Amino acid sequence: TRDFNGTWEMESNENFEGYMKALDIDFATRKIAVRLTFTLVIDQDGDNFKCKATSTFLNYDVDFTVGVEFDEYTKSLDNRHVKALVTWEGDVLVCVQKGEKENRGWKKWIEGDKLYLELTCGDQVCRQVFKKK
């Protein structure tokens, strides 16, 4: 199933601290954000995605079409410009964010009814798991 539509509530968050530190998020912001539980609202229509991640402190939005490279300004996080491209590797949705940081991107997939989001930057990998609400 390649269907990420819906509202998703975080159940687990592994190594979010490492990912944020790899992005150079300022200490105070990072210390608060590592504590947070996130909710995702995903609108998926063909290749068109509108994504909205929310918490009490850090909110992140991205819109894209699969297979269409786009400029992303990561102003809610590290405030960098990346050239982002989201494509399918099987049923895994894969984003590569080309720019200053090496190995920067994310992957997302459904397994056992749960949504998995893997965030990478540098040598850090963060794994988040969400249940469908």
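Numbering starts at 1 and follows the sequence shown.
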Would you mind comparing 28 to 36 and 93 to 101 for me and telling me which has the higher average C-alpha temperature factor in the entry? 28 to 36
Which one, 87, 65, 44, 56, has the peak C-alpha temperature factor per the PDB entry? 56
Using the temperature factors in the entry, find which of 14, 113, 118, 9 has the highest value at its Cα atom. 113
Is the Cα B-factor recorded for residue 131 in the lowest, middle or highest third of its chain? middle
Taking the entry's C-alpha B-factors for this chain, is residue 50 in the lowest, middle or highest third? middle
Test of reading the entry: by CA B factor among the chain's modelled residues, which third contains residue 107? lowest
If you rank the chain by CA B-factor, which third does residue 78 end up in: lowest, middle or highest? highest
